[PDB]
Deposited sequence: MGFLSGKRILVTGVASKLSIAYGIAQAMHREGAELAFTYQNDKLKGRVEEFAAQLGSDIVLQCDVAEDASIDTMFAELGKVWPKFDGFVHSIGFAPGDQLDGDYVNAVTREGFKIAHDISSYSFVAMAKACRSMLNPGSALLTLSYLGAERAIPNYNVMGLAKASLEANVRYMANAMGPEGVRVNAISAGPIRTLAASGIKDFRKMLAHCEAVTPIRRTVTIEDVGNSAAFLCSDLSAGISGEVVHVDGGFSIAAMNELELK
């Protein structure tokens, strides 16, 4: 595969429906050696299983909310991968209360803090802790959403976090590019993961007349982390069937 000989760490794999799962699935298919992380014990076993299926026994725990945790995870990873070629950041979160109803009423300083810390800072936090471990040609990838570019109902504060994240991508790519490291993000269209009325609207108005799948994303992700996309960095590639580039298709 076009990922043969690459070593990629994959975060955010919670189930078979997780985008991270579809990405891992596709990267493995292309010959990449994988390593996974899991937030907490409630998933350790379940995650080790998905890992086995992809020829991996490198299942490390990591809470990106804690620097010590991230450092510890990369220390372990180091034991088996003194060097690797990048990682996939598939982490997003905001206290439930934040995601429903009028944005201005819902948002809270604390809600804002957490959503930005976890959904945006953790990305650079991770790059920061494994920077000396990256081989030339490595690639870092994160997942964003249209809520960052446009004001979407109920998405609220998660929208500001994604925008912060999309800028993090540009600053990260600009800082690390000189040492042979590329950084990008994939703005995926809506998908059904760990709303239904929405996927309905999306399907009818999206150009390809269907919502994207973790497979469609997995393939773009694999591409974006392979040498095939060597000329791409700091980009936010839209993988939403062209949903965002059209308007008033509903009418």
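Absence of C-alpha coordinates is noted for several segments of the deposited sequence, namely 1, 196 to 202, 260 to 262.
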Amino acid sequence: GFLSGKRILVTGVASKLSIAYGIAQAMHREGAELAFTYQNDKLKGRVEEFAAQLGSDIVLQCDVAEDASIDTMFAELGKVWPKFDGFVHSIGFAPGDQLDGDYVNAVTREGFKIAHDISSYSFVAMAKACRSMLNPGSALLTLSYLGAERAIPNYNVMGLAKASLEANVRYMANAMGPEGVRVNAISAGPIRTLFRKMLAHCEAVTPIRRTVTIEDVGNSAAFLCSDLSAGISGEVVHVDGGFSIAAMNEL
From here on, numbers count along this sequence of modelled residues.
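A summary of the deposited B-factors shows that, of 202 to 210 and 222 to 230, the stretch with the larger mean C-alpha value is 202 to 210.
Two stretches are in play, 157 to 165 and 84 to 92, and the higher mean C-alpha B-factor belongs to 84 to 92. Taking only the listed residues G111, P136, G78, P178, the entry reports the highest CA temperature factor at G78. The deposited CA B-factor of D102 belongs to the middle third of values across its chain. Compared with the other modelled residues of the chain, the Cα B-factor recorded for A14 ranks in the highest third. For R46, the recorded CA temperature factor ranks within the highest third of the chain's modelled residues.
Among the modelled residues of its chain, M27 has a C-alpha B-factor that falls in the middle third according to the deposited record. Ranked against the other modelled residues of its chain, the C-alpha B-factor of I191 as given in the entry falls in the highest third.
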